[PDB]
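Asks: sequence isn't available, so here's the structure alone:
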RNA sequence: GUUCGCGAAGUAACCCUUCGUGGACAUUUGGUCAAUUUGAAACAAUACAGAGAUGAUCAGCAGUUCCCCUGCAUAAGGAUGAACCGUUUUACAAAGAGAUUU
RNA sequence: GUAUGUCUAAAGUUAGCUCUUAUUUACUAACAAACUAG
Ligand SMILES: O=P(O)(O)O[C@H]1[C@H](OP(=O)(O)O)[C@@H](OP(=O)(O)O)[C@H](OP(=O)(O)O)[C@@H](OP(=O)(O)O)[C@H]1OP(=O)(O)O
Ligand SMILES: [Mg+2]
Ligand SMILES: [Zn+2]
Ligand SMILES: [Zn+2]
Ligand SMILES: [Zn+2]
């Protein structure tokens, strides 16, 4: 059984786990990007597995 | 078959129950058509009407008008105008869903509007983002009127019930959580079965509780999530990649 | 598709704009180009 | 002076749609249907808000079914608009119900005319429109004044008693009242119904009435002084100090109110 | 006031199509902001009325049309074209769909083409990823054994129906076993005539058994701990066949 | 169905009727919308507390808000309408002195 | 005593020191000798 989420106090209440809270990715610059987004996603997924086993 | 005959009057106009719900409050709110000043006792109920496909299928005005949106009250089993209903009063077959190929990812097979994502209850109409085919089937406790059964018999009853409603991919009743997961060949068959077994019962007429059929609260057919074991994620990813390779061939043939 | 667009006669009793609704919206302040901020140029305070 | 380019009317703008339809019915049927439809519309205005305990009676008396909370007294109060609708429909239902008590065969035509002249000269007693719109009292006084003329030209050789039913000029006075408060009720109920469907405009910004000379004058002078210090002070990025220098300002103002010399050691 | 994105498949095979604009029609089904809604009919005498269900900014953020909710260039779903772009560029281009209301409004008002919309937007990179796609494609009851979990029930009905001329069926996927059932005496004789023989669906081999017992789903197992164990034992029995 | 023109029968009958034919009058509605749950109203039912300055009892007006409600409202009211208090480390240096590895 | 706030499965999402004990003092109570709230 998973955890309750807190009640929507108002009809447009924001739940801050599903999405980015407000997507404000930086303005595109002249340098290439994806080679370190891969490192970020790999390190984040390893942190996800580590929280799955240690927390 | 059903292409030969005409569709039957499943219920008279006078033989419908009233739109005023069961009294769950003090006074009747005629804007939202509901009850207020109190909330004790379930709004939910066992539906009095079932589908019975092989008897009540047939050819309506909707075949003459060329429309291929199905009938939400055929699936509930509660149409008054049987052969004159504008929608279709038969099971969604392969050719009808094939003519639904232009609009079934926007609307469902009843003409209802698919929303952004699911509800918090995961039950309703559905999304235009998931090509959702698997139906969660809960609420089996009151659907049996809390009768002690083995899980294989309940799985057999759910298999025989949802075999009436189109082509089946895969059914798996969960013994530990008392729920099924009925996956279909098409999305429209899943939509039609969700409307079809909405709040009915798994009770057979061969059992003693057939007079007290409409006592508890019936089934709970809802849209299901992904199947979180990695084997079904594996079969999902490889079937999606094979359908993507088919669409690769289509995009190369187009341009 | 050469299309004639025909705005219908709405019902005069209904809400003329049923999509119109009170809602609070946060608009993104996007940055298309980075704007220069140019400022060319102790104990008493 | 009336507007000269008013080619648009109300009903002439509703004939030209596909929704309204022309027919010929009895006046009493039209009155009974406007009573039924007014009851349905006010009942739906009540029931959309969730005020299901306000049993709007068929004679348009709003009565709470049970005694209330305060939360069920805040949502269940309504403005001059809804109640003004309710009182004009009380008035019209009294009119149409006296014509019905005629048409049913119960009451005489003379007793109909006296009943109507009783309605149109006791709107302030039978109905209650004087509460929610007080310039109705003008018309109510005029109706009383017309009563005071007509009962002493109808009763020269008759003395005192009921029976007078020359209801024409009081009827004119209430029709001129309705001539005045058609567009009033159009704007009021347009704002109410768009609050019910569209909702409250979220940028309600409050104009400075006589409760807010002090607070908004404080915000005025405080923003002015803080802009003056931020102009004067060199190269300081504001995080915390911008909040605190103004305290000296308010300190000085209390030092001005106490007539104490505002001497602070180390101020520039 | 931008004109709508409605592709050639929603409007249909007509040249003169009369649509109806309603300014501020309804909330769009992505961001719940109101917009000018265009509803029409594909023919003049069509029974189905087809309306735009998303606003113009949500259409151009996904490079999709407003009616059939598929791609403007390719007429395919958003999830699958994002999957195809992930197959091409080796980069998981996914469409980040919102779930909070304020996030929906925020994510629609910004000037960007999110997801895989930028690739299919201009036709140059569209045909670039198209010939990359071409480069990728250059590179009376019965019992049933040997049903891997990627074999549905409807394919087992369809192949048996195709080998005959056209009857229910019961398959325990967690036990990886199958069964078939009908009533006609001659239908079983014709099933024997059109053959432990092998059913070949998609080269995946399914062995048949004339099952004289009347099987229920309890015959395939009563529990889930029986199903996996019987599947392992029956795969070892298949190795005993081999 | 109404009318105009023609032919054929009753009929070797310019009266009338029937049958057959060409034309004209008349020309594409309605749906953003499906009839009880599963596309979302909120109050009320239970139980407990029971108000912002602090030693108490309070009048308030404000501000921020990706909180709204009642209100015709740019008035007014909603406890000063409610949440506000919570965490709290780097635009980080320079001089001088001694104790340590080489 | 209000405003107002908070809680409430019917529906199952797939693997010095330690101590007992009494007196005093302070703040609180719609608790008592038919009614009083921002
Ligand atoms: O109390 P009075 O000074 O004697 O006047 C009354 C009174 O008229 P006012 O409204 O001016 O006071 C009555 O009105 P209501 O009591 O009903 O409000 C009215 O009776 P009706 O309105 O029922 O006709 C009656 O007039 P009358 O009895 O002659 O019909 C009239 O008496 P006066 O004629 O002597 O002024
Ligand atoms: Mg107060
Ligand atoms: Zn029907
Ligand atoms: Zn949108
Ligand atoms: Zn389209």
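Replies: Arrived safely, thanks for sending. Numbering: from 1, shown residues only, chains lettered A, B, ... in the order given. Ligands and ions are numbered 1, 2, ... in the order given.
Asks: which residues does the closest residue to ligand 4 within the stretch 151-255 of chain B contact?
Replies: Here the residue of the stretch 151-255 of chain B nearest ligand 4 is residue B:223; by Cβ to the ion that distance is 22.7 Å. Placement of C-beta: from N, CA and C, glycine included. Residues in contact with residue B:223 (Cβ atoms under 8 Å, 6 or more residues apart in numbering or on different chains) are B:118, B:122-124, B:126-127, B:132, B:134-136, B:194.
Asks: same check on residue E:146?
Replies: Contacts of residue E:146 (Cβ under 8 Å, 6+ apart): E:176, E:204-207, E:234, E:238.
Asks: mind checking which of those are buried?
Replies: Using 16 or more other Cβ atoms under 10 Å in any protein chain shown as the burial test, those include E:176, E:206-207, E:234 as buried.
Asks: now tabulate the residues you listed in TSV and tack on secondary structure and distance to residue E:42.
Replies: As requested, the buried ones among the contacts of residue E:146 are exported to TSV (DSSP: H, G, I helix; E, B strand; the rest coil; distance: Cβ to Cβ, whole Å):
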residue	secondary structure	distance to residue E:42
E:176	coil	46
E:206	strand	44
E:207	strand	49
E:234	helix	52
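Asks: kindly reformat those residues as TSV and extend each row with distance to residue D:245.
Replies: What follows is those, written out as TSV (distance: Cβ to Cβ, whole Å):
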residue	distance to residue D:245
E:176	78
E:206	85
E:207	89
E:234	84
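Asks: out of those, who's nearest chain A?
Replies: Nearest to chain A out of the buried ones among the contacts of residue E:146 is residue E:176 (Cβ to the nearest Cβ; 29.1 Å).
Asks: residue E:149 is in contact with that closest one, correct?
Replies: Yes: with contact defined as Cβ atoms under 8 Å, residue E:176 reaches residue E:149; the gap is 6.7 Å.
Asks: tell me which residues in the helix or strand encompassing residue E:233 are buried?
Replies: With elements taken from DSSP states H and E, the one containing residue E:233 is helix E:224-241. Burial within helix E:224-241, assessed by neighbour count using 16+ other Cβ under 10 Å, is assigned to E:224, E:226-227, E:230-231, E:234.
Asks: before we move on, what about stretch D:229-249?
Replies: residue D:229.
Asks: contacts for that stretch?
Replies: C:42, C:45, D:222, D:225-226, D:264, D:267.
Asks: ok, that stretch near RNA strand F or not?
Replies: Yes: contact of stretch D:229-249 with RNA strand F (Cβ under 7 Å from any atom of the strand) involves D:235, D:237.
Asks: from the chain's centroid, how far away is that stretch?
Replies: Once both centres are worked out by Cα atoms, centre = their mean, to the nearest Å, stretch D:229-249 turns out to sit 49 Å from its chain's centre.
Asks: show me where the stretch 1-150 of chain B has helices.
Replies: Shown for the stretch 1-150 of chain B, the helices assigned by DSSP state H, counting those that start in this stretch span residues B:53-56, B:61-64, B:72-75, B:94-99, B:140-143.
Asks: what residue lies at the spatial centre of the chain?
Replies: You didn't pick a chain, so chain A it is. Among the residues of chain A, residue A:20 comes closest to the average C-alpha position under Cα atoms, centre = their mean, at 6.0 Å.
Asks: wait, chain B was what I had in mind.
Replies: Of all residues in chain B, the one closest to the mean position by Cα atoms, centre = their mean is residue B:194, 1.7 Å from it.
Asks: so it sits against residue B:136, correct?
Replies: No: the criterion here is Cβ under 8 Å, and residue B:194 misses it with residue B:136 at 9.5 Å.
Asks: who touches both of the two?
Replies: Shared contacts of residue B:194 and residue B:136, counting by Cβ under 8 Å, 6+ apart, come down to B:221-223.
Asks: RNA strand F next: which of those residues are close?
Replies: Filtering the shared contacts of residue B:194 and residue B:136 for neighbours of RNA strand F using Cβ under 7 Å from any atom of the strand leaves B:221-222.
Asks: looking at the shared contacts of residue B:194 and residue B:136, which is nearest chain E?
Replies: Checking the shared contacts of residue B:194 and residue B:136 against chain E by Cβ to the nearest Cβ gives residue B:223 as the nearest, at 15.7 Å.
Asks: and the contacts of stretch D:229-249, which two are the farthest apart?
Replies: C:42 and D:222 (27.0 Å; Cβ to Cβ).
Asks: so what's residue B:121 closest to, chain neighbours aside?
Replies: In this structure, residue B:121 finds its nearest non-sequential neighbour in residue B:222, 6.9 Å apart by Cβ to Cβ, 6 or more residues apart in numbering or on different chains.
Asks: repeat for residue B:155
Replies: Distance criterion Cβ to Cβ, 6+ apart; nearest residue to residue B:155, sequence neighbours excluded, is residue B:173 at 3.9 Å.
Asks: who touches the closest residue to chain D within chain C in this structure?
Replies: Closest residue of chain C to chain D, Cβ to the nearest Cβ: residue C:22 (2.7 Å). Contacts for residue C:22 (Cβ under 8 Å, 6+ apart) come out as D:198-202.
Asks: coming back round to it: can you say which of the helices of the stretch 1-150 of chain B is packed in most?
Replies: Neighbour counts (mean count of other Cβ atoms under 10 Å in any protein chain shown) averaged over each of the helices of the stretch 1-150 of chain B peak at helix B:72-75, with a mean of 24.
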